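Text of upload20.txt, listed as compact mmCIF, C-alpha atoms and all ligand atoms:
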```
# COMPACT_ATOMS: atom_id res chain seq x y z
CA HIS H 4 -26.01 121.80 182.08
CA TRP H 5 -29.06 124.09 181.84
CA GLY H 6 -28.90 127.13 179.59
CA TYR H 7 -30.80 129.07 176.99
CA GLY H 8 -29.71 127.10 173.93
CA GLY H 9 -31.50 125.01 171.51
CA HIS H 10 -31.59 121.91 173.68
CA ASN H 11 -31.14 123.01 177.27
CA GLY H 12 -33.40 126.02 177.57
CA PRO H 13 -36.26 126.93 179.86
CA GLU H 14 -38.67 124.29 178.49
CA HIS H 15 -36.20 121.54 179.57
CA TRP H 16 -35.41 122.82 183.08
CA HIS H 17 -38.13 120.84 184.79
CA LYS H 18 -36.30 117.55 184.14
CA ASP H 19 -33.46 118.46 186.56
CA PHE H 20 -35.47 121.01 188.59
CA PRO H 21 -39.02 119.72 189.04
CA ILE H 22 -39.99 122.85 191.01
CA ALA H 23 -40.03 124.50 187.56
CA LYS H 24 -43.72 123.33 187.38
CA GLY H 25 -44.49 124.51 190.90
CA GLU H 26 -47.00 126.86 192.33
CA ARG H 27 -44.94 130.00 192.81
CA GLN H 28 -42.75 130.28 189.71
CA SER H 29 -41.36 133.46 188.10
CA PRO H 30 -41.56 135.42 185.91
CA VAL H 31 -45.19 136.11 185.22
CA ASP H 32 -47.28 138.34 182.99
CA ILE H 33 -48.56 141.30 184.96
CA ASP H 34 -52.18 141.84 183.91
CA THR H 35 -52.53 145.41 184.98
CA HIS H 36 -56.34 145.31 185.15
CA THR H 37 -56.35 142.38 187.53
CA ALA H 38 -53.58 143.60 189.86
CA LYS H 39 -55.07 145.10 192.96
CA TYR H 40 -54.15 148.44 194.41
CA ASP H 41 -53.29 147.66 198.01
CA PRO H 42 -53.37 150.86 200.10
CA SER H 43 -51.54 148.98 202.90
CA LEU H 44 -48.32 148.78 200.83
CA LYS H 45 -45.60 151.19 201.80
CA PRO H 46 -43.28 153.20 199.70
CA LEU H 47 -40.21 151.28 198.86
CA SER H 48 -37.03 152.27 200.71
CA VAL H 49 -33.95 151.80 198.53
CA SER H 50 -30.89 152.76 200.57
CA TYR H 51 -27.86 152.41 198.36
CA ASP H 52 -25.78 155.42 199.50
CA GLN H 53 -23.13 153.20 201.08
CA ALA H 54 -23.14 150.42 198.50
CA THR H 55 -19.81 148.72 197.85
CA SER H 56 -19.55 147.03 194.45
CA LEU H 57 -16.64 144.65 194.12
CA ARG H 58 -16.45 142.63 190.89
CA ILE H 59 -18.24 141.81 187.69
CA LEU H 60 -18.39 138.19 186.51
CA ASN H 61 -19.55 136.45 183.34
CA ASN H 62 -21.09 133.29 184.81
CA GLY H 63 -22.08 131.77 181.52
CA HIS H 64 -25.73 132.81 181.79
CA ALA H 65 -25.49 136.52 182.46
CA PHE H 66 -23.04 138.90 184.09
CA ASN H 67 -23.33 139.64 187.75
CA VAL H 68 -22.16 142.82 189.49
CA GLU H 69 -21.33 141.67 193.01
CA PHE H 70 -21.48 143.69 196.20
CA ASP H 71 -20.05 143.46 199.69
CA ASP H 72 -22.99 142.10 201.67
CA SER H 73 -21.14 141.57 205.03
CA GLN H 74 -22.72 144.66 206.58
CA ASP H 75 -25.95 146.69 206.06
CA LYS H 76 -24.60 148.98 203.39
CA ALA H 77 -27.00 148.66 200.44
CA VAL H 78 -30.45 147.58 201.65
CA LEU H 79 -33.99 147.35 200.61
CA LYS H 80 -36.80 147.76 203.09
CA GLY H 81 -40.39 148.85 203.19
CA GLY H 82 -42.83 148.19 200.42
CA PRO H 83 -44.27 144.75 200.95
CA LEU H 84 -41.28 143.66 202.98
CA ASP H 85 -40.76 142.97 206.60
CA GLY H 86 -37.25 143.49 207.87
CA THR H 87 -34.18 144.35 205.93
CA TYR H 88 -32.75 142.86 202.77
CA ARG H 89 -29.10 143.29 201.73
CA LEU H 90 -27.98 143.70 198.13
CA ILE H 91 -25.79 140.82 196.93
CA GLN H 92 -25.65 141.29 193.15
CA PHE H 93 -27.46 142.62 190.13
CA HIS H 94 -27.72 141.20 186.66
CA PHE H 95 -29.77 141.58 183.50
CA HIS H 96 -31.73 139.43 181.03
CA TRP H 97 -31.90 140.59 177.42
CA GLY H 98 -32.85 139.61 173.94
CA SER H 99 -31.41 139.13 170.51
CA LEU H 100 -33.63 141.97 169.24
CA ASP H 101 -35.27 144.94 171.00
CA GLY H 102 -38.75 143.31 170.93
CA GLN H 103 -37.90 140.69 173.52
CA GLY H 104 -35.61 140.27 176.50
CA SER H 105 -37.60 140.93 179.61
CA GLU H 106 -38.71 138.14 181.88
CA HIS H 107 -41.76 139.77 183.34
CA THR H 108 -44.26 141.17 180.84
CA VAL H 109 -46.87 143.88 181.30
CA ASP H 110 -50.24 143.12 179.56
CA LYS H 111 -48.10 140.80 177.32
CA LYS H 112 -45.64 143.63 176.42
CA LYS H 113 -42.03 142.46 176.35
CA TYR H 114 -39.29 144.95 177.04
CA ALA H 115 -35.80 144.82 175.57
CA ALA H 116 -34.21 143.78 178.83
CA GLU H 117 -34.80 143.48 182.61
CA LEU H 118 -32.57 144.35 185.52
CA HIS H 119 -32.70 142.27 188.67
CA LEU H 120 -31.22 143.60 191.93
CA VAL H 121 -31.10 140.67 194.25
CA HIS H 122 -31.31 141.12 198.00
CA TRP H 123 -31.41 138.59 200.91
CA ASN H 124 -33.19 138.79 204.19
CA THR H 125 -30.76 139.58 207.04
CA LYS H 127 -32.70 137.49 209.54
CA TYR H 128 -31.26 134.39 207.80
CA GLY H 129 -27.64 135.38 208.06
CA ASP H 130 -26.43 134.42 204.57
CA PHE H 131 -27.73 134.15 201.03
CA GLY H 132 -27.55 130.37 200.99
CA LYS H 133 -29.76 130.04 204.05
CA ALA H 134 -32.10 132.77 202.81
CA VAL H 135 -32.91 130.94 199.52
CA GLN H 136 -34.30 128.08 201.60
CA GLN H 137 -37.03 130.29 203.04
CA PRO H 138 -40.25 131.61 201.52
CA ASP H 139 -39.36 135.24 202.53
CA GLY H 140 -35.64 134.87 201.93
CA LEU H 141 -35.08 137.12 198.94
CA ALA H 142 -36.36 140.42 197.57
CA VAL H 143 -35.66 141.07 193.91
CA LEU H 144 -36.20 144.55 192.49
CA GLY H 145 -37.00 144.25 188.79
CA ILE H 146 -36.62 147.14 186.41
CA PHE H 147 -37.55 147.09 182.75
CA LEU H 148 -35.25 148.50 180.10
CA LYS H 149 -36.53 150.14 176.83
CA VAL H 150 -34.33 151.28 173.95
CA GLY H 151 -34.22 155.03 173.39
CA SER H 152 -31.95 157.53 175.06
CA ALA H 153 -28.75 156.38 176.73
CA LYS H 154 -28.63 155.66 180.43
CA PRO H 155 -25.56 157.50 181.64
CA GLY H 156 -25.27 155.41 184.84
CA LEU H 157 -25.16 152.16 182.81
CA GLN H 158 -22.17 153.14 180.73
CA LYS H 159 -19.50 152.01 183.20
CA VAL H 160 -21.04 148.53 183.08
CA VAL H 161 -21.12 148.57 179.28
CA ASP H 162 -17.53 149.65 179.02
CA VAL H 163 -16.15 146.77 181.09
CA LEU H 164 -17.96 144.00 179.15
CA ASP H 165 -15.12 143.51 176.64
CA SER H 166 -12.98 142.35 179.52
CA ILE H 167 -15.42 139.62 180.60
CA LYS H 168 -16.44 138.34 177.20
CA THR H 169 -16.52 134.65 178.10
CA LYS H 170 -17.76 132.35 180.87
CA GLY H 171 -15.58 132.41 184.02
CA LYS H 172 -14.04 135.82 183.37
CA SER H 173 -14.18 138.49 185.98
CA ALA H 174 -12.98 142.05 186.44
CA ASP H 175 -12.57 144.39 189.38
CA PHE H 176 -15.67 146.62 189.56
CA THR H 177 -15.36 148.94 192.49
CA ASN H 178 -17.10 152.23 193.12
CA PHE H 179 -20.17 151.60 190.94
CA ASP H 180 -23.33 153.36 192.19
CA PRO H 181 -26.46 151.33 191.52
CA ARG H 182 -28.67 154.43 192.19
CA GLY H 183 -27.83 155.36 188.67
CA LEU H 184 -29.89 152.46 187.32
CA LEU H 185 -33.18 153.48 189.00
CA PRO H 186 -36.12 155.21 187.20
CA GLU H 187 -37.67 158.40 188.54
CA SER H 188 -40.68 156.72 190.15
CA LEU H 189 -40.63 153.81 192.56
CA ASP H 190 -44.29 152.70 191.94
CA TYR H 191 -44.38 148.94 191.79
CA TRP H 192 -46.17 145.69 191.52
CA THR H 193 -45.46 142.83 193.96
CA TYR H 194 -46.12 139.15 194.17
CA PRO H 195 -44.59 136.00 195.70
CA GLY H 196 -42.38 134.02 193.30
CA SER H 197 -39.13 132.35 192.52
CA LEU H 198 -35.62 132.71 191.19
CA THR H 199 -35.91 132.73 187.39
CA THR H 200 -32.82 130.53 186.87
CA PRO H 201 -32.16 127.01 188.25
CA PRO H 202 -32.55 126.01 190.97
CA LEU H 203 -35.76 128.07 190.64
CA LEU H 204 -36.27 128.21 194.43
CA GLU H 205 -39.55 129.65 195.65
CA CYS H 206 -38.01 132.22 197.99
CA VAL H 207 -38.59 135.60 196.29
CA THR H 208 -40.78 138.58 197.04
CA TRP H 209 -40.80 140.29 193.64
CA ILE H 210 -40.99 144.07 193.41
CA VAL H 211 -41.34 145.08 189.73
CA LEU H 212 -41.11 148.80 188.99
CA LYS H 213 -43.74 150.26 186.66
CA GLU H 214 -41.48 152.85 185.05
CA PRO H 215 -38.85 151.45 182.67
CA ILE H 216 -35.40 152.98 182.32
CA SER H 217 -34.23 154.07 178.86
CA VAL H 218 -30.99 152.73 177.42
CA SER H 219 -29.52 153.29 174.02
CA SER H 220 -29.43 150.87 171.17
CA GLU H 221 -25.61 150.91 171.44
CA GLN H 222 -25.68 150.02 175.10
CA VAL H 223 -27.86 146.91 174.54
CA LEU H 224 -25.88 146.01 171.44
CA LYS H 225 -22.82 145.70 173.66
CA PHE H 226 -24.64 143.26 175.99
CA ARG H 227 -25.27 141.10 172.98
CA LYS H 228 -21.52 140.81 172.21
CA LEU H 229 -20.95 138.78 175.37
CA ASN H 230 -20.57 135.01 175.02
CA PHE H 231 -22.17 132.12 176.85
CA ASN H 232 -19.15 129.95 176.14
CA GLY H 233 -15.78 129.86 177.69
CA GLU H 234 -12.53 131.14 176.05
CA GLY H 235 -11.44 129.13 173.11
CA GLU H 236 -14.83 127.36 172.67
CA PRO H 237 -17.15 127.83 169.72
CA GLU H 238 -18.66 131.32 170.06
CA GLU H 239 -22.26 131.45 171.26
CA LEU H 240 -23.50 135.03 171.68
CA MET H 241 -25.13 135.68 175.08
CA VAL H 242 -28.62 136.65 173.91
CA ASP H 243 -32.11 135.59 174.86
CA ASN H 244 -31.11 134.68 178.41
CA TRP H 245 -34.72 135.11 179.64
CA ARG H 246 -37.25 132.70 180.99
CA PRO H 247 -40.75 133.19 179.58
CA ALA H 248 -43.77 133.96 181.73
CA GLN H 249 -45.02 131.14 183.94
CA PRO H 250 -48.56 130.43 185.19
CA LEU H 251 -49.71 132.76 188.00
CA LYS H 252 -51.78 129.98 189.68
CA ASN H 253 -53.22 131.02 193.08
CA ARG H 254 -51.35 134.28 193.34
CA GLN H 255 -52.30 137.85 193.65
CA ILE H 256 -50.34 140.73 192.08
CA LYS H 257 -50.62 143.88 194.14
CA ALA H 258 -49.98 147.45 193.00
CA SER H 259 -48.52 150.20 195.16
CA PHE H 260 -50.32 152.88 193.16
CA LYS H 261 -53.87 153.83 192.14
ZN ZN I 301 -32.65 137.56 186.94
```
Write out the structure in this file as structure tokens.
Amino acid sequence: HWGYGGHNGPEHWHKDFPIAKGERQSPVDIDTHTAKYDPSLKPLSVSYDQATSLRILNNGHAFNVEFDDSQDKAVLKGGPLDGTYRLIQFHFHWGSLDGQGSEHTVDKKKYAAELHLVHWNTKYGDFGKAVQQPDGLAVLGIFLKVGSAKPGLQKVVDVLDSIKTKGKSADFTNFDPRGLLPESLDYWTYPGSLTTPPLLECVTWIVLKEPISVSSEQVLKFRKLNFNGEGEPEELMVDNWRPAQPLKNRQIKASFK
């Protein structure tokens, strides 16, 4: 029953999911002056040329674009990672207004939205086994700011009318997630968690420094989605973000000087 409503939002999650008060929770504020440049970090390798998108789903919390993850098609490697991580889905978090929406913050700056590309470690065989391990997942986070349109986002925006409510899905083949990346792959990294219940502490976060630009119209169309199911009282799908959580005994590392 968790959500982002007036009585089931992030501040209530800990009652069903006590790990919400744990030691490695996400997101966090990235204090750029305390993050350490780590010259041992490698460039990120994002290999999406063979990615196979399948479907887009409104799950009641966000929409997920799902991929075929039964072979090494779309993988993330390098950076802080050991081994190979396969893309399973991406989704976004966004606000009701342009001044909030992101989950991670940068020196307390909130962006309008955040993209998460979720990948699982192939040495565990499946996503459900991977989430039980401290190196199971790698999530690439990309901030969105409102300005110029992102051409490679428009196919996502145009299908949202067809998945307005919880439990609706649409065929979403042939989408190229390379079109959602910024120019630079400089990043920050730290060990954390899923940002939705069950909030499992299985994620190596890789948060890009350079935001992508989207238009005001593109984000406006995200905000016309619904959290509810068909025929239920309309609840616009906005402010589906968890606020920043305590960093505790963790180090944020930067890939760049
Ligand atoms: Zn997310």
Can you build me a table of chain H residues sitting at most 8 Å from ligand ZN 301 (chain I), with the closest atom pair per residue and its distance in Å to one decimal, using all atoms listed in the file, sorted by chain and residue number, as a tab-separated table?
```
residue	atom	partner	partner_atom	distance
H:93	CA	I:ZN301	ZN	7.9
H:94	CA	I:ZN301	ZN	6.1
H:95	CA	I:ZN301	ZN	6.0
H:96	CA	I:ZN301	ZN	6.3
H:106	CA	I:ZN301	ZN	7.9
H:117	CA	I:ZN301	ZN	7.6
H:118	CA	I:ZN301	ZN	6.9
H:119	CA	I:ZN301	ZN	5.0
H:120	CA	I:ZN301	ZN	8.0
H:198	CA	I:ZN301	ZN	7.1
H:199	CA	I:ZN301	ZN	5.8
H:200	CA	I:ZN301	ZN	7.0
H:245	CA	I:ZN301	ZN	8.0
```
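With all atoms listed in the file as the atoms that count, the minimum distance from residue 44 (chain H) to the choices H:4, H:252, H:80, H:107 is reached by H:80.
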Local residues around (-36.1, 118.7, 192.6), at most 12 Å away, using all atoms listed in the file, as a count of residues only: 15
query: Neighbours of residue 217 (chain H) within 12 Å (only C-alpha atoms; same-chain residues fewer than 4 positions away dropped), as a list in words?
result: residues 114, 115, 116, 117, 118, 146, 147, 148, 149, 150, 151, 152, 153, 154, 155, 156, 157, 183, 184, 185, 186, 187, 221, 222 and 223 of chain H
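Comparing H:218, H:31, H:167, H:54 by their smallest distance to residue 230 (chain H), the closest is H:167 (using all atoms listed in the file).
Taking only C-alpha atoms, the non-local environment of residue 9 (chain H) within 12 Å (same-chain residues fewer than 4 positions away omitted) comprises residues 5, 13, 14, 15, 239, 243 and 244 of chain H.
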task: Name all residues at most 8 Å from residue 197 (chain H) (count only C-alpha atoms; drop same-chain ones fewer than 3 positions away) and give them as a PyMOL selection string.
output: chain H and resi 27-30+203-208
field: Residue nearest residue 132 (chain H) - candidates H:32, H:52, H:261, H:91, atoms counted: only C-alpha atoms
entry: H:91
message: Using Å and a single decimal, report how far CA of residue 104 (chain H) sits from CA of residue 123 (chain H).
response: 24.8 Å
message: Please list as a ChimeraX atom specification every residue within 10 Å of residue 224 (chain H), counting all atoms listed in the file and excluding residues in the same chain fewer than 6 positions away.
response: /H:98-101,161
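CA of residue 108 (chain H) is found 7.3 Å from CA of residue 248 (chain H).
When CA of residue 83 (chain H) is paired with CA of residue 195 (chain H), their separation reads 10.2 Å.
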